[PDB]
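Q: You'll find protein.csv just under this line, and it carries CSV, C-alpha atoms.
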```csv
chain,number,residue,atom,x,y,z
A,1,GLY,CA,65.1,101.1,-74.9
A,2,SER,CA,66.1,101.5,-78.6
A,3,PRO,CA,67.5,104.8,-79.8
A,4,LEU,CA,65.1,104.4,-82.7
A,5,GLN,CA,61.4,105.2,-82.1
A,6,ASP,CA,58.9,103.5,-84.5
A,7,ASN,CA,55.9,105.0,-82.7
A,8,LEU,CA,55.8,107.8,-85.3
A,9,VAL,CA,53.3,107.9,-88.1
A,10,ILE,CA,52.1,110.2,-91.0
A,11,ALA,CA,48.6,111.6,-91.3
A,12,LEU,CA,46.9,110.0,-94.4
A,13,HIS,CA,44.1,112.6,-94.2
A,14,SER,CA,43.2,115.5,-92.0
A,15,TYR,CA,41.0,114.5,-89.0
A,16,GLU,CA,38.0,116.4,-87.5
A,17,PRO,CA,37.8,117.2,-83.8
A,18,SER,CA,34.2,116.5,-83.0
A,19,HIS,CA,35.0,116.6,-79.3
A,20,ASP,CA,37.5,118.4,-77.1
A,21,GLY,CA,40.1,115.6,-76.7
A,22,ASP,CA,40.3,114.6,-80.4
A,23,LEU,CA,43.0,115.7,-82.8
A,24,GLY,CA,42.0,117.0,-86.3
A,25,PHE,CA,45.6,117.0,-87.7
A,26,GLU,CA,46.0,117.7,-91.4
A,27,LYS,CA,46.9,115.4,-94.3
A,28,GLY,CA,50.6,114.4,-94.1
A,29,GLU,CA,50.8,115.9,-90.5
A,30,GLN,CA,53.3,113.9,-88.4
A,31,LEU,CA,51.5,112.3,-85.4
A,32,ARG,CA,53.0,110.2,-82.5
A,33,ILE,CA,51.2,107.2,-81.1
A,34,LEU,CA,50.6,107.2,-77.3
A,35,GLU,CA,47.8,104.6,-76.8
A,36,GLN,CA,46.5,101.7,-78.9
A,37,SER,CA,43.3,100.3,-77.2
A,38,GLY,CA,39.9,100.0,-78.8
A,39,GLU,CA,39.1,101.3,-82.3
A,40,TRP,CA,40.5,104.8,-81.6
A,41,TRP,CA,44.1,105.4,-80.5
A,42,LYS,CA,45.7,108.4,-78.6
A,43,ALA,CA,48.6,110.3,-80.3
A,44,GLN,CA,50.4,113.7,-80.2
A,45,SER,CA,51.6,116.1,-82.9
A,46,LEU,CA,55.4,116.5,-83.3
A,47,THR,CA,55.0,120.0,-84.9
A,48,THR,CA,52.3,121.5,-82.7
A,49,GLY,CA,53.2,119.7,-79.5
A,50,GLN,CA,49.6,118.7,-78.7
A,51,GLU,CA,47.8,115.4,-77.8
A,52,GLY,CA,44.5,114.2,-79.1
A,53,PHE,CA,42.6,111.0,-80.0
A,54,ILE,CA,43.3,109.8,-83.6
A,55,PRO,CA,41.5,107.2,-85.6
A,56,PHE,CA,43.5,104.2,-86.7
A,57,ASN,CA,42.7,104.6,-90.4
A,58,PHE,CA,44.0,108.2,-90.8
A,59,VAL,CA,47.4,107.3,-89.6
A,60,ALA,CA,49.7,104.3,-90.4
A,61,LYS,CA,53.0,102.9,-89.0
A,62,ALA,CA,56.0,104.5,-90.6
A,63,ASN,CA,58.0,102.1,-92.8
```
Give the structure from this file in structure tokens form.

A:
Amino acid sequence: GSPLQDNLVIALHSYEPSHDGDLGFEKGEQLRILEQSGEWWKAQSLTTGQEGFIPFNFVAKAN
């Protein structure tokens, strides 16, 4: 594919893990997008090396 990956995003605000598969990253935390189906999307942290669901409003596409 392309050596450049645009699937990375920044956390606009810390999220809350109300379940066991959600990710409560912090504000500004770097998160990777893995899934984009429905209102919630799946992603993974680049600093903690963990995967969890992340709302589509707390994270935006990098520019």

Q: Grab the CA of residue 3 in chain A to CA of residue 42 in chain A distance for me, in Å with one decimal place.

A: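 Value for the CA of residue 3 in chain A-CA of residue 42 in chain A distance: 22.1 Å.
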
Q: Have a look at CA of residue 23 in chain A and CA of residue 6 in chain A and let me know their distance in Å, one decimal.

A: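 CA of residue 23 in chain A sits 20.1 Å away from CA of residue 6 in chain A.
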
Q: As an exercise, work out the distance from CA of residue 2 in chain A to CA of residue 50 in chain A in Å and give it to one decimal place.

A: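 Between CA of residue 2 in chain A and CA of residue 50 in chain A the gap works out to 23.8 Å.
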
Q: Using only C-alpha atoms for the distances, tell me which of A:12, A:4, A:60, A:33 is nearest to residue 45 in chain A.

A: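 Looking only at the distances to residue 45 in chain A, the closest residue turns out to be A:33.
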
Q: Mind checking which residues fall within 12 Å of range 15-20 of chain A, counting all atoms listed in the file, ignoring those fewer than 4 positions away in the same chain, and posting them as a ChimeraX atom specification?

A: /A:11,24-29,31,51-59

Q: Please rebuild range 36-59 of chain A with N, CA, C and O atoms and give the result as a PDB file, in the coordinates of the input.

A:
```pdb
ATOM      1  N   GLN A  36      47.023 102.517 -77.779  1.00  0.00           N
ATOM      2  CA  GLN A  36      46.500 101.700 -78.900  1.00  0.00           C
ATOM      3  C   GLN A  36      45.422 100.702 -78.317  1.00  0.00           C
ATOM      4  O   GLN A  36      45.548  99.499 -78.433  1.00  0.00           O
ATOM      5  N   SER A  37      44.387 101.219 -77.714  1.00  0.00           N
ATOM      6  CA  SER A  37      43.300 100.300 -77.200  1.00  0.00           C
ATOM      7  C   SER A  37      41.963 100.695 -77.735  1.00  0.00           C
ATOM      8  O   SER A  37      41.570 101.845 -77.750  1.00  0.00           O
ATOM      9  N   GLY A  38      41.236  99.726 -78.217  1.00  0.00           N
ATOM     10  CA  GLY A  38      39.900 100.000 -78.800  1.00  0.00           C
ATOM     11  C   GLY A  38      40.049 100.360 -80.283  1.00  0.00           C
ATOM     12  O   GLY A  38      41.061 100.078 -80.894  1.00  0.00           O
ATOM     13  N   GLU A  39      39.052 100.967 -80.867  1.00  0.00           N
ATOM     14  CA  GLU A  39      39.100 101.300 -82.300  1.00  0.00           C
ATOM     15  C   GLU A  39      39.904 102.646 -82.476  1.00  0.00           C
ATOM     16  O   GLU A  39      40.594 102.859 -83.453  1.00  0.00           O
ATOM     17  N   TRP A  40      39.785 103.532 -81.526  1.00  0.00           N
ATOM     18  CA  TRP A  40      40.500 104.800 -81.600  1.00  0.00           C
ATOM     19  C   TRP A  40      41.800 104.786 -80.813  1.00  0.00           C
ATOM     20  O   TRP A  40      41.874 104.143 -79.785  1.00  0.00           O
ATOM     21  N   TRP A  41      42.822 105.458 -81.268  1.00  0.00           N
ATOM     22  CA  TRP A  41      44.100 105.400 -80.500  1.00  0.00           C
ATOM     23  C   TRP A  41      44.508 106.870 -80.119  1.00  0.00           C
ATOM     24  O   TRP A  41      44.117 107.833 -80.749  1.00  0.00           O
ATOM     25  N   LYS A  42      45.286 107.010 -79.081  1.00  0.00           N
ATOM     26  CA  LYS A  42      45.700 108.400 -78.600  1.00  0.00           C
ATOM     27  C   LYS A  42      47.062 108.718 -79.282  1.00  0.00           C
ATOM     28  O   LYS A  42      47.916 107.869 -79.444  1.00  0.00           O
ATOM     29  N   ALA A  43      47.262 109.955 -79.647  1.00  0.00           N
ATOM     30  CA  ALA A  43      48.600 110.300 -80.300  1.00  0.00           C
ATOM     31  C   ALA A  43      48.875 111.812 -80.000  1.00  0.00           C
ATOM     32  O   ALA A  43      48.084 112.533 -79.426  1.00  0.00           O
ATOM     33  N   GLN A  44      50.031 112.259 -80.411  1.00  0.00           N
ATOM     34  CA  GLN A  44      50.400 113.700 -80.200  1.00  0.00           C
ATOM     35  C   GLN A  44      51.114 114.241 -81.423  1.00  0.00           C
ATOM     36  O   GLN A  44      51.802 113.529 -82.128  1.00  0.00           O
ATOM     37  N   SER A  45      50.947 115.505 -81.700  1.00  0.00           N
ATOM     38  CA  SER A  45      51.600 116.100 -82.900  1.00  0.00           C
ATOM     39  C   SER A  45      53.077 116.402 -82.595  1.00  0.00           C
ATOM     40  O   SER A  45      53.432 116.764 -81.492  1.00  0.00           O
ATOM     41  N   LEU A  46      53.931 116.260 -83.570  1.00  0.00           N
ATOM     42  CA  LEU A  46      55.400 116.500 -83.300  1.00  0.00           C
ATOM     43  C   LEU A  46      55.692 117.985 -83.759  1.00  0.00           C
ATOM     44  O   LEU A  46      56.751 118.508 -83.471  1.00  0.00           O
ATOM     45  N   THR A  47      54.781 118.624 -84.439  1.00  0.00           N
ATOM     46  CA  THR A  47      55.000 120.000 -84.900  1.00  0.00           C
ATOM     47  C   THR A  47      54.217 121.006 -84.023  1.00  0.00           C
ATOM     48  O   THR A  47      54.617 122.134 -83.813  1.00  0.00           O
ATOM     49  N   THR A  48      53.081 120.590 -83.530  1.00  0.00           N
ATOM     50  CA  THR A  48      52.300 121.500 -82.700  1.00  0.00           C
ATOM     51  C   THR A  48      52.461 121.210 -81.208  1.00  0.00           C
ATOM     52  O   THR A  48      52.148 122.016 -80.355  1.00  0.00           O
ATOM     53  N   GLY A  49      52.980 120.056 -80.889  1.00  0.00           N
ATOM     54  CA  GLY A  49      53.200 119.700 -79.500  1.00  0.00           C
ATOM     55  C   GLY A  49      51.842 119.592 -78.758  1.00  0.00           C
ATOM     56  O   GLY A  49      51.622 120.154 -77.704  1.00  0.00           O
ATOM     57  N   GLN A  50      50.931 118.863 -79.342  1.00  0.00           N
ATOM     58  CA  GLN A  50      49.600 118.700 -78.700  1.00  0.00           C
ATOM     59  C   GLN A  50      49.179 117.231 -78.713  1.00  0.00           C
ATOM     60  O   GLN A  50      49.661 116.441 -79.500  1.00  0.00           O
ATOM     61  N   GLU A  51      48.289 116.854 -77.836  1.00  0.00           N
ATOM     62  CA  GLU A  51      47.800 115.400 -77.800  1.00  0.00           C
ATOM     63  C   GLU A  51      46.344 115.337 -78.047  1.00  0.00           C
ATOM     64  O   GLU A  51      45.575 116.166 -77.603  1.00  0.00           O
ATOM     65  N   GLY A  52      45.919 114.334 -78.764  1.00  0.00           N
ATOM     66  CA  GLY A  52      44.500 114.200 -79.100  1.00  0.00           C
ATOM     67  C   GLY A  52      44.190 112.789 -79.597  1.00  0.00           C
ATOM     68  O   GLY A  52      45.075 112.120 -80.092  1.00  0.00           O
ATOM     69  N   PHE A  53      42.967 112.339 -79.514  1.00  0.00           N
ATOM     70  CA  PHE A  53      42.600 111.000 -80.000  1.00  0.00           C
ATOM     71  C   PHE A  53      42.707 110.971 -81.560  1.00  0.00           C
ATOM     72  O   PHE A  53      42.337 111.926 -82.213  1.00  0.00           O
ATOM     73  N   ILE A  54      43.179 109.901 -82.135  1.00  0.00           N
ATOM     74  CA  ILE A  54      43.300 109.800 -83.600  1.00  0.00           C
ATOM     75  C   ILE A  54      42.819 108.460 -84.118  1.00  0.00           C
ATOM     76  O   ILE A  54      43.254 107.443 -83.614  1.00  0.00           O
ATOM     77  N   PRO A  55      41.955 108.478 -85.095  1.00  0.00           N
ATOM     78  CA  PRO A  55      41.500 107.200 -85.600  1.00  0.00           C
ATOM     79  C   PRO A  55      42.640 106.324 -86.096  1.00  0.00           C
ATOM     80  O   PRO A  55      43.733 106.810 -86.308  1.00  0.00           O
ATOM     81  N   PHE A  56      42.428 105.047 -86.238  1.00  0.00           N
ATOM     82  CA  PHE A  56      43.500 104.200 -86.700  1.00  0.00           C
ATOM     83  C   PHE A  56      43.615 104.063 -88.196  1.00  0.00           C
ATOM     84  O   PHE A  56      44.477 103.406 -88.743  1.00  0.00           O
ATOM     85  N   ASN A  57      42.718 104.707 -88.892  1.00  0.00           N
ATOM     86  CA  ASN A  57      42.700 104.600 -90.400  1.00  0.00           C
ATOM     87  C   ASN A  57      43.397 105.892 -90.980  1.00  0.00           C
ATOM     88  O   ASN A  57      43.931 105.862 -92.071  1.00  0.00           O
ATOM     89  N   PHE A  58      43.353 106.996 -90.283  1.00  0.00           N
ATOM     90  CA  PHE A  58      44.000 108.200 -90.800  1.00  0.00           C
ATOM     91  C   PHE A  58      45.483 108.230 -90.619  1.00  0.00           C
ATOM     92  O   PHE A  58      46.201 109.038 -91.174  1.00  0.00           O
ATOM     93  N   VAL A  59      45.975 107.325 -89.821  1.00  0.00           N
ATOM     94  CA  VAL A  59      47.400 107.300 -89.600  1.00  0.00           C
ATOM     95  C   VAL A  59      47.956 105.836 -89.724  1.00  0.00           C
ATOM     96  O   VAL A  59      47.273 104.888 -89.391  1.00  0.00           O
TER      97      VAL A  59
END
```
